[PDB]
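Novice: Have a look at this one.
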Amino acid sequence: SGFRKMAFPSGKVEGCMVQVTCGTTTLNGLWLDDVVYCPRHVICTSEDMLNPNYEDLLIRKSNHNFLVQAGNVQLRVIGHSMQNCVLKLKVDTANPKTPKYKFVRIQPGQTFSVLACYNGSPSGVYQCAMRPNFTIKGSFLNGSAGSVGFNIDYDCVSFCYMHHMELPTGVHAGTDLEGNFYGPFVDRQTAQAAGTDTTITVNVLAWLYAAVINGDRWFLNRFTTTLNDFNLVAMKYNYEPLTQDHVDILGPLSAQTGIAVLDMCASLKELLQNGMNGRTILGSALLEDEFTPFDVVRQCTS
Amino acid sequence: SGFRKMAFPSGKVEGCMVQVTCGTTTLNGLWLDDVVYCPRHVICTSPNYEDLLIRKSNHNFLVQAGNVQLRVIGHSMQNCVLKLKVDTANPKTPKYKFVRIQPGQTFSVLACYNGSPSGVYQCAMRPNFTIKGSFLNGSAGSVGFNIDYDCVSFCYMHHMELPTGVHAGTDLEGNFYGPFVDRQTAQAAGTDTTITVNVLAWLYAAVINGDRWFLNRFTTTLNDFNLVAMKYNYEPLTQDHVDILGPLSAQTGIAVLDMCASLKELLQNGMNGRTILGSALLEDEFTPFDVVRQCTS
Ligand code: NA
């Protein structure tokens with residue numbers, strides 16, 4: 001038993017991380033086959049960081065200006081191109097450690113593993129959720145841009161996040177691997193703010209199921225609610241609406257525990273209206289919402 | 001900015017994980033050079049281990065590295081772990097050493113099932129010597145480790161779960177952490193305590209990340225803090241702990257006994273419904289080294 005923030009094994013991604021240096025700027029790149037993917041702000045010079053013209057900066061640059069290093073080996077850049085906010089550097093060597101992979105743009109409330117990287121060398125791995133306001137609560141210092149987020153399904157690495165920047169509140173913003181930012185953010189050092197976040201309701205319910213699986217059952221009761229009645233309460237407390245598909249996805253956890261999803265919604269309703277009253281759930285005094293139903297299933301179910 | 005429970009990259013360990021089978025019992029093994037390390041209980045079948053090992057033969061041992069069949073050349077006892085010599089050295093063997101960690105120290109765990117890694121998480125050895133981890137059946141043989149400059153220091157191998165849901169295991173020398181044995185005895189973990197020096201490091205991490213509502217003007221003596229900490233089941237803070245917190249004290253400009261008065265206030269009065277680094281409880285699974293490694297800022 002037990003329950004912990006559990007990331008996917010990072011070995012398949014570690015073999016793809018490279019260092020990309022353009023002038024005085026060094027960050028991380030993702031080397032898949034013969035293409036290196038990295039944030040386009042690597043070409044950004046101190047001359048204009050408020051609102052640079054990335055098309056102008058890319059034209060003022062050639063293949064030889066991009067220093068790409070994989071460990072001790074220098075990769076030769078053969079071509080470069082710009083896709084939205086991501087730079088693509090074609091190299092003469094295909095990464096022999098390229099795993100089976102695909103690019104995926106995830107939905108808010110989904111989680112992924114982040115391989116934090118500096119100078120092309122992985123430093124650590126941890127779990128992150130795509131917040132409803134399209135930020136993530138990561139751990140990133142200067143030089144960590146180009147670190148990627150991912151999920152691994154049947155040995156296929158689904159890349160979903162590339163880190164770009166940190167917002168004034170300390171939350172983090174990035175793009176998918178096609179260069180499209182999550183949220184309304186832009187890759188410029190301007191005064192930007194995320195919108196007000198909301199709690200991922202289906203994830204809280206999954207975490208409650210994980211609590212029951214681990215013998216934490218004090219919050220349960222005999223009451224049941226309708227989907228409509230619960231979603232009225234969820235609105236009052238700044239919780240995301242719960243859909244019928246959310247109920248279906250929680251089905252395996254309901255099977256494991258014996259607690260109907262609408263029964264667990266009644267428990268969550270009472271938790272929101274009364275609080276924990278000094279008690280804890282899975283070693284936490286707050287309702288955790290960064291665990292998806294699939295995360296609980298993969299960790300707490302054989 | 002930001003502070004999260006971060007595990008070490010698991011790739012160097014992933015290439016050493018194998019599956020070891022004995023009759024109907026199957027668990028995980030660690031393949032370094034021509035030796036596979038596995039829990040001794042696998043030889044036991046649904047306990048005088050020495051006799052069962054004598055009765056056991058090499059062909060009774062089935063070791064699979066993915067789908068590569070490893071031929072067992074011999075088997076020897078390593079305390080509560082079993083060393084299976086195989087005819088092939090692991091080509092992916094990293095630079096490594098076997099290290100026994102102290103209570104309060106942290107490490108990353110690669111949870112594995114049938115020789116295949118499922119997930120990586122960061123755990124801390126408890127003062128009781130139990131580890132609070134996430135293990136299902138078949139996870140025995142999963143290992144805990146730290147990585148420093150591409151050298152893997154293996155410190156833990158998982159053996160079993162205690163009745164309270166906490167986990168017990170050995171180091172890679174087969175010596176069990178705590179008084180636990182790999183038998184069916186009614187062993188139970190001793191009363192656990194909170195790792196005081198880790199909480200202080202985590203408070204320093206919060207200050208570095210701008211979370212500092214808990215700072216106050218008071219400074220406590222070491223003994224006055226320890227008497228309060230004892231009342232709340234906190235481990236005593238030693239002068240060596242104070243010395244270890246020196247670098248974080250210098251970076252933040254907050255004396256250690258100044259921070260201790262903050263912790264004393266939090267213990268006696270609670271958090272008043274506020275959070276520190278996203279948590280409404282006091283966190284004790286981050287060493288001072290863990291803070292410097294991630295909050296370099
Ligand atoms: Na103080």
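Going from the start of the chain as shown, residues are counted 1 onward.
Quick reminder: no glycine exception, Cβ is built from N, Cα and C everywhere.
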Novice: Test of record reading: of B:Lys85, B:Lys231, B:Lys264, which one does Swiss-Prot tag as ubiquitin cross-link?
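Specialist: According to Swiss-Prot, the ubiquitin cross-link annotation belongs to B:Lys85.
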Novice: Which number gives the other C-beta atoms within 10 angstroms of the C-beta of B:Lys5 (ubiquitin cross-link), all protein chains shown included?
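Specialist: B:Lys5 (ubiquitin cross-link) is surrounded by 22 other Cβ atoms within 10 Å.
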Novice: How many whole Å apart are the CA atoms of B:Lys5 (ubiquitin cross-link) and B:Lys85 (ubiquitin cross-link)?
Specialist: 36
Novice: For chain A, give the subset of the recorded positions B:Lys5, B:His41, B:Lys85 whose C-beta is less than 8 angstroms from one of that chain's C-beta atoms, in sequence order, otherwise 'none'.
Specialist: B:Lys5
Novice: Work through the recorded positions one by one (B:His41, B:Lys85) and point out the residue whose CB has the fewest other CB atoms within 10 angstroms.
Specialist: B:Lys85
Novice: Whole-number Å distance between the CA of B:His41 (active site, for 3CL-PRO activity) and the CA of B:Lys85 (ubiquitin cross-link)?
Specialist: 17
Novice: Check the deposited model and tell me the whole-number distance in Å separating the CA atoms of B:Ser46 and B:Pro47, where 5 residues are unmodelled.
Specialist: 11
